[PDB]
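The next block holds one structure in the form of structure tokens; read it before the comments.
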Amino acid sequence: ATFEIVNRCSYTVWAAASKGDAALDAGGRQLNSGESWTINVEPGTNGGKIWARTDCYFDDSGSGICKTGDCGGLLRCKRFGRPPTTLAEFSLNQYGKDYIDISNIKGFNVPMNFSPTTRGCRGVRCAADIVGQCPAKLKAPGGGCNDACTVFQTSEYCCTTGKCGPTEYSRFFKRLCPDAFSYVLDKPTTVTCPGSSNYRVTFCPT
């Protein structure tokens with residue numbers, strides 16, 4: 001499957017793509033404002049994610065740091081990134097269908113649209129100014145708007161036992177972005193697409 005990753009932000013981002021235990025494609029790349037990078041993701045990939053990283057520095061070997069979404073200091077991510085990260089999440093060719101969503105469960109750094117470029121389903125979007133509107137206690141000094149699990153490490157926010165409810169913090173993410181997961185047990189906003197669809201992830205769509 002192809003994923004064109006487009007940075008419409010006025011700032012550089014470093015795109016990242018991983019399934020948690022491995023890179024997808026090269027795993028990451030710099031995207032200056034306006035740039036597009038197309039990756040190939042193997043059919044059947046389960047639990048893939050794409051995200052933006054901000055404020056990165058990498059040496060010539062591809063090792064370094066980012067302020068949001070850093071993945072073990074690598075340009076080319078093999079693992080998931082450090083919150084806060086707005087997440088484009090997907091599982092492909094799962095009993096013949098693909099499934100896509102956006103999640104704020106690991107916080108929000110950069111607005112995003114995640115849409116198919118082929119027929120048969122809708123896209124999803126979280127493009128509101130969550131960083132600007134972020135509750136004081138969730139603001140990350142390194143940049144972005146943390147989720148409450150990251151900040152407070154409670155069973156309720158982290159849904160550790162699988163029984164949690166919505167919270168004042170989750171409700172903030174949900175109010176700003178109804179179409180994204182705001183906590184683990186949120187009413188799903190996952191979209192079913194035809195198996196083997198192709199996609200575009202656009203940072204700063206609006």
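All Cβ positions, even for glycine, are placed from backbone atoms using ideal geometry, and neighbour counts span all protein chains on display. Bear in mind these aren't lab numbers, they're just calculated from the coordinates by the rules spelled out.
Miscellaneous remarks
- D_trans [Stokes-Einstein, Kirkwood Rh over alpha-carbon pairs] for region 93-206, 20 °C, 1.002 mPa s, µm² s⁻¹: 144 µm²/s
- Comparing mean-square fluctuations of 37, 14, 51 from a GNM of the chain with C-alpha springs under 10 Å, the top value falls on 37.
- For region 102-155, a simple Cβ point-charge model (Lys and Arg +1, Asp and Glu -1, everything else neutral) yields a dipole of about 160 debye relative to the Cα centre.
- Taking the helices alone, the chain has a mean residue ellipticity at 222 nm of -2000 deg cm²/dmol, built from -39,500 (n - 2.57) per DSSP H run of at least 4 residues and averaged over all its residues.
- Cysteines in the chain all have a partner Cβ under the 4.7 Å cut-off, so none lacks one.
- Rounded D (µm²/s) - the chain, Kirkwood Rh over Cα pairs, Stokes-Einstein at 4 °C, 1.567 mPa s: 77 µm²/s
- Take 109-122, 185-198 and order them by the average number of nearby Cβ atoms within 10 Å per residue, most first; the result is 109-122, 185-198.
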